[PDB]
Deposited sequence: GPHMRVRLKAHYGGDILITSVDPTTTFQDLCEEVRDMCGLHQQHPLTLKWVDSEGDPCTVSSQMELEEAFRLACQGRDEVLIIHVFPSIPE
């Protein structure tokens, strides 16, 4: 059903990476904010790139769920999620 998520945060010129092992959209957001030393409310944009190489924005559990489904279909082992904190 769900699989490991590789969190890649593009922030302050760095590429910060952690893994997170069900998985909810909110937990991913909290993990990114903790990793980047961000305020609880720091707006984020999360995207996963699909089989056609399109970045697909996920801003909900439903979208995360669809990325998981499509990741299982592809027999992938980790779901890569790219994350872009907003720049004030």
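**Student:** What are the C-alpha gaps when you align the coordinates back onto the deposited sequence?
**Tutor:** Unmodelled stretches: 1, 23, 91.
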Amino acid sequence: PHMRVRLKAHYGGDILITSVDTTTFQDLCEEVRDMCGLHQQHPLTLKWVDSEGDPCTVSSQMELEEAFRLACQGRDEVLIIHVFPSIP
From here on, numbers count along this sequence of modelled residues.
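**Student:** Do the CA atoms of 39-47 or those of 22-30 have the higher mean B-factor in the entry?
**Tutor:** For C-alpha atoms only, the mean B-factor is higher in 22-30.
**Student:** Name the higher of the two by mean Cα B-factor in the PDB entry, 10-18 versus 68-76.
**Tutor:** Per the PDB entry, the higher value belongs to 68-76.
**Student:** Could you tell me which third, lowest, middle or highest, the C-alpha B-factor of residue 58 occupies within its chain?
**Tutor:** It falls in the bottom third of the chain.
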